[PDB]
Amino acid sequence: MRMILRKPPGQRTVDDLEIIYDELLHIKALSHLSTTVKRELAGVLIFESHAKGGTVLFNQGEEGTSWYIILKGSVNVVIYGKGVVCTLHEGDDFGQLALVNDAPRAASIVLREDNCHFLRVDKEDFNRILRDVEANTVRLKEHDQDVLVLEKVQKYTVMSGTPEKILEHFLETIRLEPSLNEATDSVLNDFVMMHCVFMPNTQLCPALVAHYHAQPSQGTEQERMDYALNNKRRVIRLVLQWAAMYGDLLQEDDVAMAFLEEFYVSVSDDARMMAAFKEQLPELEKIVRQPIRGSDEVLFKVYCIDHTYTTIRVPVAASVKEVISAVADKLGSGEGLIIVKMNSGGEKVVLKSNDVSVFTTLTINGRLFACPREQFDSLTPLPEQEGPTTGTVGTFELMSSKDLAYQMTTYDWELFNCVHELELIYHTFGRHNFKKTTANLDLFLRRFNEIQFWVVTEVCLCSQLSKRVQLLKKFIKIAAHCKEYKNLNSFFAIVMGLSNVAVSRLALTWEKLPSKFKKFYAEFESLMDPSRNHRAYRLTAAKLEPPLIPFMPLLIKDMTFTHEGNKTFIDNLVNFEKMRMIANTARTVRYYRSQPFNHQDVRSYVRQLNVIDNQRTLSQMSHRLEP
């Protein structure tokens, strides 16, 4: 029987195959498979025996060659830095992960007892028979606790797991071959971007250090030195991708910078000693409007009820608690101050001590107030908040539509490029959870409202009907040119400004507008159609090549619904499926900025807009222009 199972595939008789098959019906690891598969396996399953407990079947890090089933005995699953993580018994199978995913062995398999019998299937036989029909799920357990779940979405991809195991997995599967550079970086990207949600630097950096110094427990002296070297290479690779994601943002993280400092010394000491890391060492050496940083200091005015103010000097990433403290220090307080945002329209929001970097979350004409709670309802807006009372047509009317749109797009791109990919993550998951600023994203998102209200402001301040018709024509022209430059954001901002109740009201102005521009606008407004998840916009943006600025409000909506619609944790494990979805949305922004984009007076106007954002005032102004 076992002699039969020792015979090579092309040497077994018909009766041999017939008798092997009969026994395969008793093996539980095969029972879910079809007769067709079982008959094929009958001519392929090799019998294997080992005498001594403690014999190593294969090492962690080795290339996978075989799938195993246990007939007699037991084995231990051994991972470096953890030891025996799991034990497998009679009936259990293993070694499928390396074969399916074309990855190194995620663990070592060591015999637990004497005299163990196995059934084995080699690589090319496994691929043509088992790979396509094996199973949809692989659950990895450590100390009888769920630790990693891999599924078919073809390879097994990470669906869920513990932060430590997810890190371990992405460390192990890094490919160092130069021709696989972009594939390696692409695979790591989800973890490198999303780790701040489930494994902050406080946990990641010590885990990285530990992984770097983790020596192998199995194999010959040469096998061990070769593994440790490649282990170190992969850690460096992950560190480089990790550092690249942050860029200048590392300066906001003392733990991350301290880690890099000591990591660079460790690598360079190992480089000298082992004559290695010749390519990776200089890369690591390099690392060791402008974007606003959290550590930057702002002079900010916080107003009293009587409209006097204090100027505080605090970091951009300061909490409300820190703001209160800075105000109290100047006024000499112990009267229980609270921080409250106020609109030009007078509506007020009380901020929690918890909130971070609130300065840039204000409305266009918003102001920040410090007062005791009993003053909340008596607060009233400042004159400065109520916007201009005379138009600026006499200035920008003298400027070309093309020149205005171009200067707008140039400025927009400066604001858009200042936005770090991680600010999107912090904004979605909650600013206070990271203690980081989103100032750059905050200011770029506000710009949408600024352009929108600029249109409404100028139209509602233009008293002459003939000149007002000229304004509508000009705004449609500026919008058209914005779409040409692939600045979809500012395009929709102008169109929505034209859609505003205070502007659409002006029947006498719209009626007197040439039908050429009347149809032009109707075509613009139809691109705003919210039907089929903004299908009209979606397709428009998809056709365009990658130097473009997207419709930002929709991006923020996509991000919001990805967060609220999906659980971050499932059964105390990180839902990496969700993490992948958030990262895909952020990478879309990376795609839009993957290519560069190609008159001081026109520049000055566009970058210094004065706007009314009080909708009531705009309606009142519109109602007396055309009763």
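For every residue, the number given is its place in the sequence shown, counted from 1.
With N598 and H599 adjacent in the shown sequence, let me know how many deposited residues between them lack coordinates: none, 1 to 3, 4 to 9, or 10 or more. According to the record, 4 to 9 deposited residues lack coordinates from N598 to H599.
Can you count the deposited residues that have no coordinates between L465 and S466 and report it as none, 1 to 3, 4 to 9, or 10 or more? Per the deposited record, the segment joining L465 and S466 has no missing residues.
Hey, which bit's got the bigger mean C-alpha B factor in the entry, 23 to 31 or 583 to 591? Stretch with the higher mean C-alpha B-factor: 23 to 31.
Can you tell me whether 174 to 182 has a higher mean C-alpha B factor than 237 to 245 in this record, or the other way round? That would be 174 to 182.
Using the entry's values, work out which of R447, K512, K436, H420 has the largest Cα B factor. Top of the list by C-alpha B-factor: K512.
Have a look at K557, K232, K301, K483 and flag the one whose Cα has the highest B-factor in the entry. Most elevated C-alpha B-factor of the set, per the entry: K483.
Grab the CA temperature factor for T360 from the record and place it in the lowest, middle or highest third of its chain. For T360, whose C-alpha B-factor we compare with every modelled residue in the chain, the answer is the lowest third.
Thinking about Cα B factors across the chain, which third does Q615 belong to? CA B-factor rank for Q615: lowest third.
B-factor third for the C-alpha atom of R313 within its chain: It falls in the middle third of the chain.
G497's Cα B-factor: lowest, middle or highest third of the chain? Middle third of the chain for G497's C-alpha B-factor.
Taking the chain's C-alpha temperature factors as the reference, tell me which third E384 falls into: lowest, middle or highest. Its C-alpha B-factor belongs to the lowest third of this chain's values.
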